[PDB]
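A.B. asks: Turn this into a model:
(4 chains)
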Amino acid sequence: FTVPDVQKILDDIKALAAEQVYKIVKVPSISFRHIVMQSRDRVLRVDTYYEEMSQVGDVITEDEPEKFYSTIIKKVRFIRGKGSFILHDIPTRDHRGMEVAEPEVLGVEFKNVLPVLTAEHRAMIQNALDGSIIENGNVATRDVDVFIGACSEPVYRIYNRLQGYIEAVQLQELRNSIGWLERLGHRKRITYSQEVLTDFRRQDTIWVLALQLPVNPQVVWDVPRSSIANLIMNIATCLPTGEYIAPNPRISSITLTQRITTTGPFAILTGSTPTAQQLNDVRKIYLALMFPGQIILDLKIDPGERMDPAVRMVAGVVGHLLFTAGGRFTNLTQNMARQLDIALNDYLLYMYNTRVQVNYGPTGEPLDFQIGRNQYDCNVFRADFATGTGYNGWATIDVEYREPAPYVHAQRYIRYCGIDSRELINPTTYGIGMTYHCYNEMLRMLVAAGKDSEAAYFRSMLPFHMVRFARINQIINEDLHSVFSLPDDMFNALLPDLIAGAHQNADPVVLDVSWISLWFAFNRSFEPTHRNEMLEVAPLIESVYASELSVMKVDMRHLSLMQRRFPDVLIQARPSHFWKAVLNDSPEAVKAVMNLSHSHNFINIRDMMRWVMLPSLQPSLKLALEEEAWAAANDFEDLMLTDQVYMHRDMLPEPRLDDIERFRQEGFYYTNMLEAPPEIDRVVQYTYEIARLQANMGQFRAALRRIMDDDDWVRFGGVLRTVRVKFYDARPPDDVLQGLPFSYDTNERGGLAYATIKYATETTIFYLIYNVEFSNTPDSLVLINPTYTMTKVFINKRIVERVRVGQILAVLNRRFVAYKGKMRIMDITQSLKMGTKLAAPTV
Amino acid sequence: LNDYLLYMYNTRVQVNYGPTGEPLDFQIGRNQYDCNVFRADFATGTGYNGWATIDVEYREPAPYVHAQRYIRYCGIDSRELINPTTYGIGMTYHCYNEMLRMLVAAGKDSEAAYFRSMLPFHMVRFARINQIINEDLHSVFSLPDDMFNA
Amino acid sequence: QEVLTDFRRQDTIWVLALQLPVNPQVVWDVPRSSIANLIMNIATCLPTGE
Amino acid sequence: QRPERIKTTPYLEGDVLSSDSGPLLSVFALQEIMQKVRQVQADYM
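C.D. replies: Numbering: from 1, shown residues only, chains lettered A, B, ... in the order given. Next comes the structure:
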């Protein structure tokens, strides 16, 4: 069977298949927070998303681009996981003849500003709460509810996308999924079930599926140089195992030993006994036969071994009957044809007597003569792949296109020797009286050669060969049809690939066996009495596998464009950096899956790149979420990386408390935030080189003090900095206030002067709140010397805002959809795995 | 190499011997491939890794004045490691191509498969040796160009 | 990452006995010395490998 | 840190056979030349 490693990997695949990313909650995640000042009519509204994602990940340098990429992946996974929730069983009240939402389900918290309010504000917020309504809407003819709540735009985008995905799932996808799996069950003789869709509460239940049934096969085939991996995992997951049976020995007793005083080469070989190597070789032969084209048989002669003449001539004459290696496909290399034909020529001349006159052909090509009273031409049976002579598939239909197949990448029905694979076979009675051209011409030549005994033997075991090929066509056209089969055009290309002598496509794997092995192959018959266990889980395996491959596809697609957007921080890197970064942030199973292929042939960056441009992507929820999440992450300003930083001296306001009450009613706060970047005339761009020469001249600090006397702005470098949000009630420490955004050191060693100047890579933003007591002088904060502040950073996004009472709930512009608390949801995704295999009748 | 091309274990293919007693004076097989191109001559250089390529090249001024050369094994530059040009199968060089064609001409296939698998390891090994030669060994004690060309 | 700035201290004297540019022909004019140059090149420029 | 030595494909990885450095190769080259010339001198008159 399988080597245990791949079985472990597929077990991990199925384990990863049975996880859910979505969530079901009663109240959506909190998005906004309110902080109360000493102001009784104005508060500070802060959208908590920004501060929440302001405290994740460690810092950055252009010295670690792979760390930067790893961080970026962490942030996009953060935003992906933040919104993967579905609202169900939402609470409500009822008044004024109308159902009314809850302040908690609003998504915003303002519950610490009520007791400082007045009567008018309480009345207004009461009326506004009474304003909120619910709408008894419909989707796919099912009752739903719609109301108004608040959510940040990046989370709201993903929430809307998941709502669209669940609407699409509830509309059309599941029906065609059921139909496609039922078609597969019809063709592959597998029975599935629909019981879980048929309870007495079926009509008012909402379904959820994570995996689409259509597994666009092109996505598995698009993997470069993966043909050998597809083959090995195909035979791992789909190939069944049976038992080997011998026919009645009286047949060989009466046919090849009708006489007892004399004997033939066949009669000597009929008394042979097996060893383990011949059983393994027969297994190899049948394995090659079950996969034409990809597995090709070869010969070996052990150095410690010596062949027998009887063995080799029997081998030739019998292997001319076992094999089909011509026409439109092939099974053996040309060397096999040459050994078989020369063995045939030797067998056709060991007993050459007067009663048979043989007309020798003039050519030096072996097997060139006429034999028999009719002088039958034996030159026909050369083994050429073009005409196919010398094999079973000669003058026989093998490839057809009957009906629309379930897997559009595998349209083929393969019929050996004119048999059809739609009739169940009674092996004890089938095969008595059908015939084709090659076998008849072979027996006619044998009689023309005067060999009675072999003719009787082969005619006796004709049904035995047919029941062999019957089981073979069953196992080929019944079980092996899946996305792992070789593609149609590639299968067409097999014969030109072999005869031309190039390797533009995948080189078929080659297999080697022994000479005497073919006789034991023809006298042991394979029966599929036990089918493989992992058959009824294949479609699940494809849908997951295709999904993580599409995940890596979109990751490569968008991660390619990193350097062009930010040249000054990804300067020194290479596509290999994010290649290894995503290899760090993917599960191990798919990594092993490609490991079984890419270990055996080299791959390179271009190959991944051209693999991106293949537009093959698999419909799935994770794909939708990640695509719209990366599309929601186009702006890096929403990622807490910025360069709009300035070392500029400014003065903290220390106002006059000429009226305590009026000043307390208003909410006054400080922030070093800049509403807009200044004019370019007050900003001089600094790099490491200008600073280095400034230190070299010995006028570094003096120039900076002069510029700060000039009251200018400094943009130390273009290397994106990491930012932190802060709130305080008192003065901040001196370190964060008076600090410099650079570092400068200078020492001496051995009579030499050495120096180093760095730029700060970490920075922070903060907010300052002023609290005033009643028994304070109006000039309490007045000082002889006002303080200096250094840091000035700019943001486009209104992160923190001072808001009056009536404008607090202006955020109510998000549409939220809910399902009734009397509804119910179940998962259906794992239910794909169920199914039973109809064992064929057998004798 | 001649005796390897002559001793064979499958069914025989035909050979046509040439005039002289020098080895590799014959033609073989169905496509009549001439093995006489595989003989070694110092002035010409056929039959080895430096055949049918450019092996040494001159660039911008070097720190050391006695040697400016850069060695190019099998026509591959070390910049192929940082920014490769062709795809995985498209990587080849001329003598390797002729060796593969001769082996597949001689009816020998499994060895051809082993070597065709082997090729990128060979090329990257010589890429590393190119990096070692052109970067690490640059010193005043490197062989000057006059003696190397003489 | 440390950088040199050519600041001169008012109480320092610099002395040198070497000129850092070199003439290779002085090295290579030594009779029967190619083997010595090769072996010490091996001893000098070869990194640690496996 | 150098991009040439970072790897993502499991085709160029295996167990290490041996290591080497400058001085060992230098002294080995000197010894092998010395042994060759002394054997040349010793095997003849």
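
A.B. asks: So which residues on chain D come close to chain C?
C.D. replies: Residues of chain D found near chain C, taking C-beta under 8 Å from any C-beta of the partner chain as the criterion, are D:16-23, D:25-26, D:29-30, D:33. All C-beta spots, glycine's among them, are computed from the backbone N, C-alpha and C.

A.B. asks: Are any of those buried, and if so which?
C.D. replies: Buried members of the residues of chain D next to chain C, counted by 16 or more other C-beta atoms under 10 Å in any protein chain shown: D:22, D:26.

A.B. asks: okay, the residues of chain D next to chain C in a markdown table with secondary structure and distance to residue A:495 next?
C.D. replies: Conversion of these to a markdown table gives the following (DSSP: H, G, I helix; E, B strand; the rest coil; distance: C-beta to C-beta, whole Å):
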| residue | secondary structure | distance to residue A:495 |
| --- | --- | --- |
| D:16 | coil | 45 |
| D:17 | coil | 44 |
| D:18 | coil | 48 |
| D:19 | coil | 51 |
| D:20 | strand | 51 |
| D:21 | coil | 55 |
| D:22 | helix | 57 |
| D:23 | helix | 60 |
| D:25 | helix | 54 |
| D:26 | helix | 59 |
| D:29 | helix | 56 |
| D:30 | helix | 61 |
| D:33 | helix | 59 |
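
A.B. asks: For chain D, what lies in contact range of chain B?
C.D. replies: Where chain D comes near chain B, counting by C-beta under 8 Å from any C-beta, the residues are D:3-4, D:11-12.

A.B. asks: from those residues, which two are the most distant?
C.D. replies: Greatest spatial distance in the residues of chain D next to chain B: D:3 and D:11, 17.6 Å, computed using C-beta to C-beta.

A.B. asks: re earlier: for the residues of chain D next to chain C, which one is nearest chain B?
C.D. replies: Lowest distance from chain B to the residues of chain D next to chain C (C-beta to the nearest C-beta) belongs to residue D:22, with 10.4 Å.

A.B. asks: so who does that closest one touch?
C.D. replies: C:42-48 (C-beta atoms under 8 Å, 6 or more residues apart in numbering or on different chains).

A.B. asks: Nearest to chain C: which residue in the stretch 701-843 of chain A?
C.D. replies: Scanning the stretch 701-843 of chain A for proximity to chain C using C-beta to the nearest C-beta identifies residue A:753 as nearest, at 4.1 Å.

A.B. asks: Please enumerate the helices of chain D.
C.D. replies: Shown for chain D, the helices assigned by DSSP state H span residues D:22-42.

A.B. asks: out of the residues of chain D next to chain B, who's nearest chain B?
C.D. replies: Distances from chain B to those, taken as C-beta to the nearest C-beta, are shortest for residue D:4 (5.1 Å).

A.B. asks: what kind of secondary structure is the residue lying closest to that closest one once chain neighbours are set aside in?
C.D. replies: The spatially closest residue to residue D:4, leaving aside those adjacent along the chain, is residue B:81, at 5.1 Å (C-beta to C-beta, 6 or more residues apart in numbering or on different chains). At residue B:81, secondary structure determined by DSSP: H, G, I helix; E, B strand; the rest coil is helix.

A.B. asks: residues in contact with residue B:81?
C.D. replies: By C-beta under 8 Å, 6+ apart, residue B:81 lies in contact with B:124, B:127, B:131, D:4.

A.B. asks: need the contact list for the third one.
C.D. replies: This means residue B:131. Neighbour list for residue B:131: B:78, B:81, D:4 [criterion: C-beta under 8 Å, 6+ apart].

A.B. asks: Let me know the distance separating the residue most central in space within chain D from residue C:43.
C.D. replies: In chain D, the C-alpha closest to the average C-alpha coordinate belongs to residue D:25, at a distance of 5.5 Å (C-alpha atoms, centre = their mean). With distances defined as C-beta to C-beta, to the nearest Å, the gap from residue D:25 to residue C:43 amounts to 8 Å.

A.B. asks: Switch the contacts of residue B:131 over to JSON lines; also include distance to residue D:44.
C.D. replies: Conversion of those to JSON lines gives the following (distance: C-beta to C-beta, whole Å):
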{"residue": "B:78", "distance to residue D:44": "46"}
{"residue": "B:81", "distance to residue D:44": "49"}
{"residue": "D:4", "distance to residue D:44": "50"}
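
A.B. asks: Closest one of those to residue D:37?
C.D. replies: The closest of these to residue D:37 turns out to be residue B:78 (C-beta to C-beta; 36.9 Å).
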